[PDB]
Amino acid sequence: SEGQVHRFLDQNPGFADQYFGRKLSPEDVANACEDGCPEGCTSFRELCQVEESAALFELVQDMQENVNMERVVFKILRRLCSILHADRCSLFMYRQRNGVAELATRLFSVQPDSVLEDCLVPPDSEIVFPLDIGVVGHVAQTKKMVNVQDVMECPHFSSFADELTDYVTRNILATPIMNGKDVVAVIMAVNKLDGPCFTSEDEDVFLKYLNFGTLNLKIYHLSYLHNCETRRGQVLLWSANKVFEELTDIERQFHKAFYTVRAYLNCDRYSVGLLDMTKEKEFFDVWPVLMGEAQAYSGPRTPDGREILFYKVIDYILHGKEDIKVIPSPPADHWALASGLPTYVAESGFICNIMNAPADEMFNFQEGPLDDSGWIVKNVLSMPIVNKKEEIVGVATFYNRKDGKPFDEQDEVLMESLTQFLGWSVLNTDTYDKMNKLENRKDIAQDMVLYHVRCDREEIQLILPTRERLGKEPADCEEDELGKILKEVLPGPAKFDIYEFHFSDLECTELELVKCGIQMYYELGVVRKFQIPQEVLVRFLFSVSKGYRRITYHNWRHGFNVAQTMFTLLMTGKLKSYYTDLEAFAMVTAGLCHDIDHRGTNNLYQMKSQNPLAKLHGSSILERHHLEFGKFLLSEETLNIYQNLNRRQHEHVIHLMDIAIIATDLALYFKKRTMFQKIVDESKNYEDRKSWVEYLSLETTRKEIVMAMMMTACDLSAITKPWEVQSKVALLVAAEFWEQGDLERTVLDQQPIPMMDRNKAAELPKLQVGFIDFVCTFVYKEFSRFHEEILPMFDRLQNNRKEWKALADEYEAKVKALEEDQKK
Amino acid sequence: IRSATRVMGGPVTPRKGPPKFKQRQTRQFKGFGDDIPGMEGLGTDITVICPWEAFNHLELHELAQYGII
Amino acid sequence: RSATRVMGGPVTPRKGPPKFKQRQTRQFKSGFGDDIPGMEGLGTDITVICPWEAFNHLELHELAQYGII
Amino acid sequence: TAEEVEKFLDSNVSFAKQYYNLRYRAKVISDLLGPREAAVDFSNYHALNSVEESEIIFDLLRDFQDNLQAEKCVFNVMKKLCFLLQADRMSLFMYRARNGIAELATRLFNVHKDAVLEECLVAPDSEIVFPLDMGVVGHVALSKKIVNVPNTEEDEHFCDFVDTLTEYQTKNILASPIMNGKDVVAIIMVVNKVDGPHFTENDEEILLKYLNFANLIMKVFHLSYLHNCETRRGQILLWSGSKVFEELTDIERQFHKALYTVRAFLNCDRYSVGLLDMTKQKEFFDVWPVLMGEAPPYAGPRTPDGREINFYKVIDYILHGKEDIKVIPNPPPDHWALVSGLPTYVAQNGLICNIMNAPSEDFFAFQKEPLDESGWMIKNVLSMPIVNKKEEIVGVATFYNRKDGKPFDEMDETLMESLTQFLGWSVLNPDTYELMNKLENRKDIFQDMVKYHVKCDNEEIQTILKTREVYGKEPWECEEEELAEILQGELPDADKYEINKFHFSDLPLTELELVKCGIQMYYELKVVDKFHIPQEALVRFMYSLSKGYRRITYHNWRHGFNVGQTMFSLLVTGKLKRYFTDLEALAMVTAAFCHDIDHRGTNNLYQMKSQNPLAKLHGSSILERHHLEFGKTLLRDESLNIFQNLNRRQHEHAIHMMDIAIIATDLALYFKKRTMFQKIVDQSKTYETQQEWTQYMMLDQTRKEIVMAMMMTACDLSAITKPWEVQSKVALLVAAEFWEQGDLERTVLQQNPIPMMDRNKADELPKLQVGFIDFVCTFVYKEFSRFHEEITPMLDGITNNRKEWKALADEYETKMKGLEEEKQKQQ
Ligand SMILES: Nc1nc2c(ncn2[C@@H]2O[C@@H]3COP(=O)(O)O[C@H]3[C@H]2O)c(=O)[nH]1
Ligand SMILES: Nc1nc2c(ncn2[C@@H]2O[C@@H]3COP(=O)(O)O[C@H]3[C@H]2O)c(=O)[nH]1
Ligand SMILES: CC(C)Cn1c(=O)n(C)c(=O)c2nc[nH]c21
Ligand SMILES: CC(C)Cn1c(=O)n(C)c(=O)c2nc[nH]c21
Ligand SMILES: [Mg+2]
Ligand SMILES: [Mg+2]
Ligand SMILES: [Zn+2]
Ligand SMILES: [Zn+2]
């Protein structure tokens, strides 16, 4: 009997090793095997070896083509089931969510004869298993192979699959597939038909035979991780590119960043909601609640203490046709807000992962078709968006991964990185708002400054009495009428002798100086050539006069004196030969506004006191401020005397003004001083004056150097005045210096220099003599040598030096005869 | 067909209770920037302007007396 | 000694006209962005108006007449 | 015995095989898959039968362990293929790409039938680098196919450089590429078939069949390398993003912070960063000497942007030994990183440079000696530029001596390119930092000029505080007593001018007299002595308030003084002070005096419609918040601070009261909170005596604030309760201002003004005035009359004014009616 043969074989180990360990004839092994084995095989061992080697080679060839994973592991599971004489095997795939581990199913009830259709499980049929329930959880958590002799005696065993699948288990054997120190999957064999329990040989075969499925799963896991990391890197790079494009508000930045990376997320829909950031309410909004007219707020509150209020929601529909929608005021029944998950996320600040949203109890869902397209929510993942101050500014929620699988650890890491990067970028929005507010404040301050400096309607009537003579406002007057009015009021060319080197303003009022300033412009002839409006000219002169502060020395009188000295240098000194009319226009205009807003202190005091002037401007603190203020006044339409000028002429005038105003700095004059000497020396040998005038009229750089030198000479012109005018101005500068020294002593608590203290007020003649010897003499001697018409300046300078020296010797004799004679 | 696991509709699990959620990632990536060595030299200065060019020491002293320095 | 019989350094049967790669400026590079859908109604758009919601259109029109609104 | 059993087994050999594979297959599978040193006769060359084929197949399968050392496994496969293919030597040429030009270096060389790993492994310094278009190796790289060369002489693309170098002769070649699916990963080769003319087709079949095992090993190696590189790139980018957004800082500190943290993810011994100077154009005094001929023009390298190449700061990161970080301002040309000349070349061209075997390079000048005592010597470098959003090079970053002793490859280039791309984008933050600093400084400068133009100087203060005449000292030297005597001498009498009455008129008085009356008002509240207010500061503050008001048709200093006088009269004559304290009353008056300090003559609607900067800044209540801000600015000045002798709590309470008062002047806000004041007034009538009501109100802050707002609103509109003579002129002033704003609206903008503003309808003023009286003022005045009996004069005055305005409007309407029927309709 066949059963008799089988039993006699199995209960007789002595004979079994003998007959099967026999040299079998080649034709016998040829007939025994199906089809025909090659000549190599001669025994059962060789036949089994050849067959198994061929099967393993075919399996390797299958893995070679691409990443199949499922098919290869199914075939090796069938082979292992045949080898082990079991009847069931399964594949449980490791997955991590919310920081906890799970063991889903990927292959179930694989039998020695089966097809991939009846063992593969769709994502909607997996039996998830926590890391505590069941033997599989123990295997996953202990990272060790587990053999169970009897299931009924196993403490950590779960029967959950038995009722569902209607099966009874009597033996279990499992092992974790590892990719280093992380579990990838577990493979389990159930209900050993071979015998009562798993023998040691079956354990050894199970351990050895699985070194190939481990390789396949390792390849699959490595490919998945590489793809995920590449996608995360691309997302971060694109977000960084979009964030740094410009400075905008939070909403624009968030929308750009979220829209640009819509292809790297692989999601059906995702919505972004923005939370209000109002910390406190105003008095007129808290009054009704405190008076019992309205009920106090009672609802969810963020951990910062604010009120959850989504004031804007942006939707991204991607499954069908792209439809980006922005909701101004999100209704309470919005398809995203109605779940209640974003509100809970805002209250807590937790990353929430949902596997089966319809079968949920904490948050309610629609549990049906959201839209006519029949898109049903199946997987949700929500994260907060916090800045560097740990304040939630929004909530991002993602739905329905495209591939049809629940959100795993990699997706959580990717989207958390995206939201983390977007949270830090809020610092750009704060800087944007702060910049806008600063700009608005500066513009307001500039307007308030402009109102006070400008000349109003009533003030202009002191110079343009059109309200009575014409009975009309100056704006509506005609050019001819304005000129006729101006002719009478304006002083005559020789009334105030504005052409001389000895002009004194001590006998004229401020209005007289303004009228003389207008008369200089009329004398230069630029009024009729450039079509300068006369009302604009008068208003500009009055505004410039008002711009100067009411300080001791650097008041409007100093500016007018410098302008008049430049005018007489151009006209009386015959330095106009080298310059055109536009250059003279710009020169006079720059001379008027060279000390427009002097505060009464020099540059060094600005540097030492950390004034904002010393911070905004680095090299020439005050001299750059005056130019900026003067150009600010000229930018106004009503005060722009450059209204009718070509673009090239305007740029030329602006460049000349920039050169002239900054040139008044004494340090720059000291540095670039020998170039003027070289130019003078070149002039002295060229030829008669006509050829030199012809040549120098074309050299731009030499003309600019002479321009700067004339600026410097005009700035210090107060010394080349007659001794009556001198010795009176010299007291004003001393008073200003003494005031600055007092400010230095009280505020900065530093001892002033011997020039800048009231105690050494008897050494003024010596200091004046030293200043004359050091600074003025070089420039005035060089200008006298250049043009012989400027000799009176040098003569008066030498006379003033003689007078100051005589005073110094008198003081020295007095102090000598006191100290070294009276005491001794 | 009845499927391998005999389960339809959605994933089943033998775990009941309130779900747990991850806290955040707010420690691994978190005076500003002062512990970095070599940090002292870096920083914009307010003395990047040349005081004066090649001048005699007596003239340099004289410039200070007149506040032009 | 060595299987490749060279110890000083790598050897190549070529010459020395060094060639270097150009920077990529096509993928990422080439207000700023307005073609994005939904960008029009997403700015600051400061138009905060008090709803009033307590004045009928008679008194509302009267209030608007005097310019207080 | 089982003789019948063995006969039965012979009868059905299938059953015997079944029994054997049930009870014995597991043992043979366990033994074969375990260490068994497969026995194949390798002594001679012979054909392989099924048993030996199975043995060699189970080998190369025993090696599929967890460690999976690629080199050892591929070496074993090659050693077996040597016997299988009947070849003499084999080698492995790895595939790498540098500078966009792919190379083919060697890793395994000269493996024969009986060889060992140490004698066939190739160190990184012994590689034979081959271009991709020189030999048959390059041909198989390009064609991506197996190539068989029966004779080397007939081959056109065969190179004998290795043959001469390795004193070897090759007559046969057969190679095949190992691919990851679309990109080659390595090339295997055979040479000099033993005991044969050339490699046959069977050798090709054997090589193709046994190449399967090496493909998986190459795949796992490549996948692991790529995954590691991508993870490193992601970490680098995220760390850099974290460190950039910490705060706003200049480029140097930001770059140092970004580059210090990612030092671990960059597998380099050294790397340094140099910073270029971005100055584009000099100034006139710097171009004068060059043009005049005092200094030779600059001659040297220039960036493609058109600037001089100057490195003003270089940061060195040394990591091979002890971690040192140094910064060298104005580095000399002798610097170790700059002496090579590669940074200057990169700055000139803006190209990514990858250099292998740097010492043996002729284009540049690299040091060929140990740079330090440890013997660290430059072998491989990589330098790339940093480019901002305007295609301007900002700096150059260089990297040296990869840690694993291998030349830089494509992945390193991509990683560092992503890092430098991120760094170049982040330059926006330092630019915004500098712009912010400049804007803040510019704002601070302009605000001082307003302070000077509004503050009362020492010359104007002598018009009231005549200290320079009664004494010889300036007000600073004088003590408080002398100032008090001078003030009491100068200040006008209170009852003579009727400063606490509801009919006070400012028409005869002058503005200086109004300032003196304001000082007298402050004195009359007994506030100066209580809080130790400096009298000089009080006078200067009042004069500054007088000067700060614009010379507008209506909103002059006179209007502010009228509002302040009305508030004082309400506090004193109206007996509304019983609730508030002295400090609250002081805040009342001070906020009343500065409610429209800087009015421009236009309402909030014009500010909103014309997009004024005030509308952009404040938004909700433009002019009221502007006035509050400007008024608080003046009080913050030391010379104009009357709150200086106040503790923190008192000062905070005063400031809060001021903000409550000033904003409350808004008409919409008053319109939205009338019913609450009505409810307070109604509640006031449920108490028996006034004393109880005063006691209750003194402890209710919100109702006091509501009364604050209502009294401010009543004082703002107080000009409509004056006798007929004053109203007849104030109405015309207000109408003129409104007409001016309307004609401004018609010109600058393009909307017709409302009938309340257009100049043509100048004869409908009585109708608008009576409508305004009926709409706004009557409610507040009637409520205040109900609240306190002493406010009735205001009610009777306003009702008389309404009667007169109604009479005028009726006369005008009758005139218009008559002029339109007898003259226009019926004729
Ligand atoms: N019907 C069926 N159940 C299985 C199979 N494999 C494992 N199980 C069962 O799934 C269960 C999961 O928890 P356990 O590991 O404790 O015990 C296991 C087994 O009882 C299989 O192949 N078919
Ligand atoms: N000595 C030796 N030379 C080889 C080996 N493999 C390839 N080569 C030689 O190196 C060369 C690489 O490109 P070739 O086309 O010149 O052909 C090859 C052969 O000439 C090897 O294993 N040993
Ligand atoms: C005050 C300073 C600009 C230089 N400066 C000057 O210009 N004048 C006219 C002086 O008399 C004078 N005395 C000292 N410094 C002087
Ligand atoms: C708008 C504001 C001037 C309020 N206001 C006012 O105070 N007075 C006195 C008026 O006559 C008037 N007429 C309109 N609005 C007016
Ligand atoms: Mg000056
Ligand atoms: Mg107002
Ligand atoms: Zn000057
Ligand atoms: Zn007002």
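What follows covers the UniProt feature "domain: PDEase" in chain D. Annotation from UniProt places "domain: PDEase" at residues 479-812 of chain D. Helix makes up 68% of residues 479-812 of chain D and strand 0%, and the two end C-alpha atoms of the span are 62 Å apart.

Residue and element names in this part refer to chain D. Residues in contact with ligand 2 amount to 18 residues; listed here are only the nearest, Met90, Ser91, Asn110, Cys159 and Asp163. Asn110 places a side-chain nitrogen or oxygen 2.5 Å from a nitrogen atom of ligand 2. One nitrogen or oxygen atom from the main chain of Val136 is found 3.2 Å from an oxygen atom belonging to ligand 2. Per-element accounting of the shell around ligand 2 gives the leading share, three residues, to strand β1 (residues 89-98). In terms of residue class, the shell around ligand 2 is built from 11 nonpolar, five polar and two charged.

Let us now look at the interface of chain C and chain D. Taken residue by residue, the interface counts 34 residues in chain C and 54 residues in chain D. A buried area of about 3,900 Å², summed over both sides, lies between chain C and chain D, and 65% of it is on carbon and sulfur atoms. Summed over the shared surface of chain C and chain D, the result is three salt bridges. In this structure, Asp133 of chain D engages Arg14 of chain C in a salt bridge whose closest nitrogen and oxygen atoms are separated by 3.8 Å.

Our focus in this paragraph is the packing of aromatic side chains. Per the stated rule, a full pass over the model turns up 84 aromatic pairs over all chains. An angle of 90° between the planes, with centres 5.8 Å apart, marks the rings of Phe28 of chain C and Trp425 of chain D as edge-to-face. Here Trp425 of chain D lies in helix α12 (residues 410-425) and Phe28 of chain C lies in the segment before α1 (57-65), a pairing that spans two chains. With a centroid separation of 5.2 Å and an interplanar angle of 45°, the aromatic rings of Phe677 of chain D and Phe784 of chain D are classed as tilted. With a gap of 107 residues between them, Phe677 of chain D in helix α27 (residues 674-683) and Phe784 of chain D in helix α31 (residues 765-787) connect regions that are remote in the sequence. One aromatic cluster is present, built from ring pairs that chain together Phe15, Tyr19, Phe20 and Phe44 of chain A together with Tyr19, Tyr20 and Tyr24 of chain D.

All names here are of chain A. Among the eight residues that make up strand β5 (residues 183-190), eight are buried, leaving the element largely enclosed by the rest of the structure. Where strand β1 (residues 88-97) meets β5, six bridges bridge the pair, whose relative direction is antiparallel. In the strand pairing of β5, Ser90 is matched with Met188. Sheet topology places strand β4 (residues 172-178) next to β5; seven bridges connect them, and they run antiparallel. When the bridges of β5 are listed, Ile172 appears paired with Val190.

The rules behind each value
- Sequence positions are given from 1 along each chain as written, possibly unlike the numbering in the entry, and residues without coordinates are left off.
- As a convention, the first chain written is A and the first ligand written is 1, with the rest following in written order.
- Remark: hydrogens and water are excluded; side-chain values derive from all non-hydrogen atoms of the structure.
- UniProt positions are given in the numbering used here, feature names are shortened, and annotations may be inferred rather than shown by experiment.
- The numbering of helices and of strands both runs from the N terminus, where a helix is a DSSP run of H or I of at least 4 residues and a strand a run of E of at least 2.
- One heavy atom within 4 Å of a molecule or strand is enough for the residue carrying it to be called near that molecule or strand.
- Polar contacts, as counted here, are pairs of nitrogen or oxygen atoms within 3.5 Å of one another; within protein the pair requires one atom able to donate a hydrogen and one able to accept it, and residues that are adjacent in sequence qualify only if both atoms are side-chain atoms.
- Ten residues, namely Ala, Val, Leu, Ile, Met, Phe, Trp, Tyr, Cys and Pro, are considered nonpolar, four, namely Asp, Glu, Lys and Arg, are considered charged, and the remaining ones, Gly among them, are considered polar.
- Should any heavy atoms of two residues lie within 4.5 Å, those residues are considered in contact.
- Defined in terms of a 1.4 Å probe, buried area is the accessible area two parts forfeit on being brought together, summed over both.
- Counted as salt bridges are all cases of a side-chain nitrogen of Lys or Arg within 4 Å of a carboxyl oxygen of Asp or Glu.
- Two aromatic rings from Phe, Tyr or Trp, using only the six-membered ring of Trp, form a pair when their centres are within 6.5 Å; if the ring planes differ by under 30 degrees the pair is stacked, by over 60 it is edge-to-face, and anything between is tilted.
- Relative accessibility under 20% of the residue-type maximum defines a buried residue, over 50% an exposed one, and the middle range a partly exposed one, all with a 1.4 Å probe and only protein chains included.
- Only strands joined by at least two bridges in the DSSP assignment are considered to pair.

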